[PDB]
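Asker: this one's experimental. Sequence and coordinates below.
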Amino acid sequence: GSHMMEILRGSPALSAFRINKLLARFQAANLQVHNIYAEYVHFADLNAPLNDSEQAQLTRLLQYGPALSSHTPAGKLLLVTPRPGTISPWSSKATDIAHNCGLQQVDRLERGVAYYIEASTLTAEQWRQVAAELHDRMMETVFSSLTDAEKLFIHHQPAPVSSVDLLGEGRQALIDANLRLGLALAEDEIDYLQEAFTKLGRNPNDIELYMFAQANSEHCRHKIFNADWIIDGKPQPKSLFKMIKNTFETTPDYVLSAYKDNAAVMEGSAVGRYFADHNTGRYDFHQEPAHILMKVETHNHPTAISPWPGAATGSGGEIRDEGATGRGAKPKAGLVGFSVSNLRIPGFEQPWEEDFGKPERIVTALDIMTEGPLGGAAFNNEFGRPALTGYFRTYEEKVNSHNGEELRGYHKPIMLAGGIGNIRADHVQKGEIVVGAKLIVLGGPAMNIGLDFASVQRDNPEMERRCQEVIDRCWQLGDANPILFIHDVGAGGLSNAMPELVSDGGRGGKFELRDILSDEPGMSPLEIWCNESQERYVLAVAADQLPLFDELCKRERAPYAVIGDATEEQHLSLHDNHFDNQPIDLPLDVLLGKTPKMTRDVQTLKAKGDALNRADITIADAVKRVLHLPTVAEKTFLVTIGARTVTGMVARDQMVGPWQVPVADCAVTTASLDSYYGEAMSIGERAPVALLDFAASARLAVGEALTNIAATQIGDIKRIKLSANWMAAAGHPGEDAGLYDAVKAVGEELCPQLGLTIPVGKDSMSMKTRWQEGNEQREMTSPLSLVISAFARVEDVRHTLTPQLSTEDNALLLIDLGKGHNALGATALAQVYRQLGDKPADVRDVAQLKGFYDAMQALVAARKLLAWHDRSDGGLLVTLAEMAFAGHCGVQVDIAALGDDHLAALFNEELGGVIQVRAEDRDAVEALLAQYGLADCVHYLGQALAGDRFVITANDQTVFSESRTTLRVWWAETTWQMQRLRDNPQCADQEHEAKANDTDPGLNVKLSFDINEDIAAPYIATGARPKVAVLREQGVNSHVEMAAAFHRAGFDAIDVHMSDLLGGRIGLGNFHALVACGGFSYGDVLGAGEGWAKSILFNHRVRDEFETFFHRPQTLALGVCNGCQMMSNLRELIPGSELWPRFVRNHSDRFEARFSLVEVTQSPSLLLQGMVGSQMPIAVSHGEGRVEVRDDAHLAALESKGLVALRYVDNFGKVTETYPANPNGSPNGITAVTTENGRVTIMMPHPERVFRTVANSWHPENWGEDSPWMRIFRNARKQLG
Ligand SMILES: Nc1ncnc2c1ncn2[C@@H]1O[C@H](COP(=O)(O)OP(=O)(O)O)[C@@H](O)[C@H]1O
Ligand SMILES: [Mg+2]
Ligand SMILES: [Mg+2]
Ligand SMILES: [Mg+2]
């Protein structure tokens, strides 16, 4: 009542292979199911009626997706929808499109999947088993009628505040509320609340208690990290935090901000910061320092319960940290980490794996690594930051460690998300908060998320994107940046972030509950104030900047509300206009009143640990097992799921070389689109070492970070800055003393001796899982797990080395920082034979580690290196194998000098690595290494050689010999199997099988023109700069680098949001060129690019503006990725486009981020003039790029008209539909088409991301500044005259 639900049937929902996985899942559980069929169905909750025309508009918005075989329903209906009381992100984004298409009648759109199942035996018991399989019990519910969906839209009345009756019952009322509300309060904290409230003479409200309990938890007060310690009977002088701070006291160098914000900041470089001016809308370079922020976060517990949103909001919360650094900043690139228990992939179990069971309430390791990476990548992709480095460890074994024989592993996973961003010098310091400052929530209408449903998070990355654009508009105003103060909303929701915001400014605040934006009107005041809804920030802004701030938000379509005022009195007030009362009324010192410090009085446990039993170990069997341990094995399933080219500033991504092998040891970005200065990121971690030796695990993490970053041009080691993220089972015998010792080992010792700061860190301190298996208690406990992320300013992005071997005359030299210790404890080798072993690796000599770093820096600067790969998991064996994989070559090595224990020489995980040098440079490089005190560690191994032979000799004996292709295919099998069970198995198999064909020549180039002839230069030289409209919808993310590419070609790039067109601020009549940029407009909901296009079509004024533009005789338009999608959906407005295809879900059913080989084909395209017959790699980054025609008649007609402009080719140079050479399954390799007149071109790949040579993942050595793709932008300039 007050609202009607309309049901609108959508398109078929599951491809054939997905239907076959279902049918087969049913046959495997003995459910005789003749057939299954699925159809999306949509639900529109309307506040007013739709006329015949709006009805048709709504119907048309809800036609999208691949044109799959439609069937008429039969059998039993099971409809799967979100759980009632829940609103999906699909709903947020779809309803938004509805509103921007003028359908204000729509209150909410929601979507379900209708399953039509013919089975016909099946007891009601078995139907519950069918129902179970079709849905996720943590997010969804199953219904029997389409009608039942009305349950999703029930309007609820605001629930009132509840007082806890301390006055009337005494202390028992606090104890009862402590249990009922789950406050987890300690006795001394119940004491405090009793005293504080007895003094005020009134009962506490529920909200006030909940706020207090959120603020005084472990994760939030960091009680363990500030604790005093007593260890083996001796009081210790320093807390853990103090020992971390010791690194900043010792090395403050280059540090701009540390421990005073939710990211750290270091000095960057002076470069062209590129953005649109507030007054002109023109993009310009602003020559100024771009300083570098860094942060790394975890999101471990949620990910155990619901991994997709758990990982996604892991990234999302950390991106908010970055944006809310100082007075606003811009995230640039990200990193991702997973640690989980054994994967045990069905049909692919490995000999070290044993099922130990798990709690019913958590998902398996395999579920985490299936859905979690897709979740992390969904936020990074739809937000728009490249994910360029990461780690993925598996560990689960019964082991004789510090507390005797017990199960150690990661049933509670590590889910790690971090990254770097840029910030202006003047915004690094947070400002003062003036009295009467407006206090604002920027971002999403809130719901009851986080209050085991309360650990199920929810991500809407496009909402966050819209918020970032506002934040960007604010810092881009320089001295006029209206942001006085900004902070992210995370744990505790507003009940933490608003008090933290006023409190860091020395203020109080008065707030109004009913000013806060909400999508559940039923929520209690406690739910409104304490819920952990996502994509929110809190800021302060002066009252007189509010009109400005409103103009900025409205142009971005970023929702915001003013919810209160900052006060001089240090009081916290929260009024409720609906119930005319005051849920919160407290002094801030009472809320933020602290109880005493914690003292931990603890004892050292140290494991004895036994020698590696080698009975079943051969070097050959060990090579095979080690390459099948997911920690070692190829990571493609984690890398290609995320964009790696967004921004146009990525110099080094995971994938290396012509054969695009994911082994890059660190990530590198350019600082700007006009510099070779940059930033670098690397990770070091070695948790299983902590099962033998806590200090050594931490030291090795520091050292690996350094070895992974070392072939990058940095200089001074003091440029390198660390995040230290600590994961422990605090309280588990031996760990606490372990934690203190490991923090000491890096904070007090190693990092200060090296000159390394740790200005940021986090901790997560209950890394264990307890459950009942038989009548038995069971425990899985993590090792102490330090993850070090290293971050650095880069002097020259171009000088970076990769593991890609050259086959020119060369020498392979090992730098064995293990000094022949050759430890085998807690290695991959031991793990893969179910053992812990004796003695682990460690940092053997700090001077020599420093010496290594400085020596690598001298060799990099002087260009003496052809390649570098450090030694980590899997030892020298893996290092050499991976270099041979990346170089598509052989290796001939001798290990006689590495000791008689050949297994230990190859498989120790001591620090160091293999450099490759030119043969003629060998002597000079050995002399240089000797000057840094290293002669003793440096060992000539042999050479890289053309071919397929991987050979390891010792004197006259062959220690190990195998085909390099055979090793490379074994190392691939983990990612193959993961892709097989997650993606379309046909694609997974084609990708895998192409690795086995050694003749694959890899990416290679043929150019039909001179890539250095700047054909636009005569035009640029006149000083006349035509405008191009760089068109962007909400969710677009590639506009900045697109602008920069047109800029290099001599245009004035103007920023045109769709809101500028809708509001009449820009007219396309003033432009001769237009480009629709890439991204995830509306998060691709209702089809990639559809919302964007249909919002143009359904507005008749704007529709007419586009049509007029395209119907002019000389205008040019380009659509790229999302933009191509958009323009393919606007096709009725574009002359000569009648044969154009649609673009739909990739055949792989996976987001594909590839460096793909294409060829330019003959077509009218004016943007491709001079390039025809050229073949070169381009950045590709999409999930809905598959060309779909309506039938073969459409395809032939398209082809015979000569309108295809780009095709995917394999590395042999033939047009292909084989994956991933053709990443999406497009017929005849098609990824670009033009119009009959050549004036409009649309393409899925991103030329604007790779117009700079430095930003191509692989490129030929001889190229200059400009890639081949720079010709497009220049062709645009020349054509305009
Ligand atoms: N979880 C992940 N997400 C994204 N990239 C990852 C992930 N795990 C590993 N990678 C990338 O895969 C490559 C190989 O990883 P790994 O063998 O763990 O690195 P290393 O041994 O050099 O520390 C690297 O380029 C790394 O950055
Ligand atoms: Mg590795
Ligand atoms: Mg490495
Ligand atoms: Mg590593």
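Answerer: That came in fine, so what should we check first? Numbers count the residues shown, from 1 in each chain. Ligands and ions are numbered 1, 2, ... in the order given.
Asker: for the residue of the stretch 901-1050 of the chain found nearest ligand 3, grab the count of nearby residues.
Answerer: Of all residues in the stretch 901-1050 of the chain, the one sitting closest to ligand 3 is residue 913 (7.8 Å; Cβ to the ion). C-beta: built from backbone N, CA, C; applies to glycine. Neighbour count of residue 913, defined by other Cβ atoms under 10 Å: 25.
Asker: middle-most residue in the protein, spatially?
Answerer: Nearest to the geometric centre of the chain sits residue 380, at 4.1 Å (Cα atoms, centre = their mean).
Asker: confirm that residue 308 sits in a helix.
Answerer: Yes - counting by DSSP: H, G, I helix; E, B strand; the rest coil, one finds residue 308 located in a helix.
Asker: which residue does the stretch 851-1000 of the chain have closest to ligand 4?
Answerer: Counting by Cβ to the ion, the stretch 851-1000 of the chain gets nearest ligand 4 through residue 872, at 4.6 Å.
Asker: coming back round to it: so the residue nearest to the centre of the chain: helix, strand or coil?
Answerer: Of the three states, residue 380 takes helix under three-state DSSP.
Asker: re the thing from before, the nearest residue to the residue of the stretch 851-1000 of the chain closest to ligand 4 once chain neighbours are set aside: what's it in contact with?
Answerer: If the residues on either side of it in the chain are set aside, residue 872 comes closest to residue 704, at 5.6 Å by Cβ to Cβ, 6 or more residues apart in numbering. Neighbouring residues of residue 704 by Cβ atoms under 8 Å, 6 or more residues apart in numbering: 683, 684, 685, 686, 788, 870, 872, 911.
Asker: quick revisit: pretty sure the residue of the stretch 851-1000 of the chain closest to ligand 4 contacts residue 909?
Answerer: Yes - contact criterion Cβ atoms under 8 Å: residue 872 and residue 909 qualify, at 6.3 Å.
Asker: state the phi and psi torsions of residue 950.
Answerer: For residue 950, the backbone dihedrals (degrees, to the nearest 10) come out as phi -110, psi 100.
Asker: how about residue 541, phi and psi?
Answerer: Backbone torsions for residue 541, taken as degrees, to the nearest 10, come to phi -150, psi 140.
Asker: against ligand 1, how distant is it?
Answerer: Using Cβ to the nearest ligand atom, to the nearest Å, residue 541 is found at 37 Å from ligand 1.
Asker: so that residue sits against residue 440, correct?
Answerer: Yes - under the criterion of Cβ under 8 Å, residue 541 makes contact with residue 440 at 6.0 Å.
Asker: what about the residue of the stretch 801-950 of the chain at minimum distance from ligand 3, how many neighbours?
Answerer: Nearest residue of the stretch 801-950 of the chain to ligand 3 (Cβ to the ion) works out as residue 870 at 4.4 Å. Number of residues near residue 870 (other Cβ under 10 Å) recorded here: 28.
Asker: what's the answer for residue 1144, then?
Answerer: The burial count for residue 1144: 22, using other Cβ under 10 Å.
Asker: with residue 958 instead?
Answerer: Neighbourhood size, residue 958 [other Cβ under 10 Å]: 9.
Asker: in this structure it contacts residue 951, no?
Answerer: Yes - here residue 958 lies in contact with residue 951, judged by Cβ under 8 Å, at a distance of 7.1 Å.
Asker: SS state for the residue of the stretch 401-550 of the chain at minimum distance from ligand 1?
Answerer: In the stretch 401-550 of the chain, the residue that lies nearest ligand 1 is residue 416 (8.2 Å; Cβ to the nearest ligand atom). Secondary structure, three-state DSSP: residue 416 is strand.
Asker: using the three-state scheme, assign residue 1030.
Answerer: Of the three states, residue 1030 takes strand under three-state DSSP.
Asker: the residue in the stretch 751-900 of the chain that ligand 1 sits nearest to: neighbour count?
Answerer: Per Cβ to the nearest ligand atom, residue 872 is where the stretch 751-900 of the chain lies closest to ligand 1, at 3.9 Å. For residue 872, the count of nearby residues is 28 (other Cβ under 10 Å).
Asker: what's the answer for residue 610, then?
Answerer: For residue 610, the count of nearby residues is 12 (other Cβ under 10 Å).
Asker: show me the contacts for it.
Answerer: Contacts of residue 610 by Cβ under 8 Å, 6+ apart are 400, 836, 837, 838.
Asker: in strands only, show me the residues you listed.
Answerer: residue 400 (DSSP state E).
Asker: of the contacts of residue 610 - the most surrounded one?
Answerer: Result: residue 836 is most packed of the contacts of residue 610 (other Cβ under 10 Å), 23 neighbours.
Asker: looking at this, residue 373 is in a strand?
Answerer: No - assigned with three-state DSSP, residue 373 falls outside any strand and is helix.
Asker: for it, give its distance to ligand 3.
Answerer: Noted for residue 373: a distance of 19 Å to ligand 3, by Cβ to the ion, to the nearest Å.
Asker: what strand or helix carries residue 90?
Answerer: Assigned by DSSP states H and E, residue 90 belongs to helix 89-100.
Asker: helices or strands next to that helix in the packing?
Answerer: Other elements packing on helix 89-100 under the criterion 3 or more Cβ pairs under 8 Å, 6 or more residues apart in numbering; DSSP states H and E are helix 52-61, strand 106-118, helix 1090-1097.
Asker: most tightly surrounded among the ones you listed?
Answerer: helix 1090-1097 (a mean of 26; mean count of other Cβ atoms under 10 Å).
Asker: got phi/psi on the residue nearest to residue 872?
Answerer: Per degrees, to the nearest 10, the backbone of residue 704 is at phi -60, psi -40.
Asker: mind listing what's buried along the top strand by length along the chain?
Answerer: In the chain, assigned by DSSP E, the strand with the most residues is strand 283-298. Neighbour-count burial for strand 283-298, counted by 16 or more other Cβ atoms under 10 Å, picks out 283-284, 288-298.
Asker: so which residue of the stretch 101-250 of the chain comes closest to ligand 3?
Answerer: Closest point on the stretch 101-250 of the chain to ligand 3, by Cβ to the ion, is residue 247, at 23.4 Å.
Asker: so which residues on the stretch 801-950 of the chain come close to ligand 1?
Answerer: Proximity of the stretch 801-950 of the chain to ligand 1, by Cβ under 6 Å from any ligand atom, involves residues 872, 873.
Asker: residue boundaries of the helices in the stretch 801-950 of the chain?
Answerer: Listed in chain order, the helices of the stretch 801-950 of the chain (DSSP state H, counting those that start in this stretch) span 828-832, 846-861, 875-887, 902-907, 922-930.
Asker: residues making contact with the fourth one?
Answerer: Put plainly, it is helix 902-907. 614, 617, 619, 622, 626, 822-824, 827-829, 874-877, 895, 898-899, 952, 954, 959-960.
Asker: and that helix, what's buried?
Answerer: Buried residues in helix 902-907, counting neighbours by 16+ other Cβ under 10 Å, are found at 902, 903, 904, 905, 906, 907.
Asker: and if you look at the longest one?
Answerer: Under the neighbour-count criterion of 16+ other Cβ under 10 Å, helix 846-861 has 848-860 buried.
Asker: what's across from whichever residue of the stretch 201-350 of the chain sits closest to ligand 3 in the sheet?
Answerer: Going by Cβ to the ion, ligand 3 is nearest to residue 335 of the stretch 201-350 of the chain, at 13.7 Å. Residue 335 has the following beta-bridge partners by DSSP bridges: residue 389, residue 418.
Asker: neighbours of it, how many?
Answerer: When neighbours are counted by other Cβ under 10 Å, residue 335 registers 26.
Asker: make residue 1 into 108 and carry on from there
Answerer: That works, and once the first residue is 108, the last one we named lands at residue 442.
Asker: now do the contacts for it.
Answerer: Contacts of residue 442 (Cβ under 8 Å, 6+ apart): 403, 494-497, 523-526, 774, 788, 790, 896.
Asker: nearest to residue 209 among those?
Answerer: Minimum distance to residue 209 across the contacts of residue 442 is 37.0 Å, recorded for residue 494 (Cβ to Cβ).
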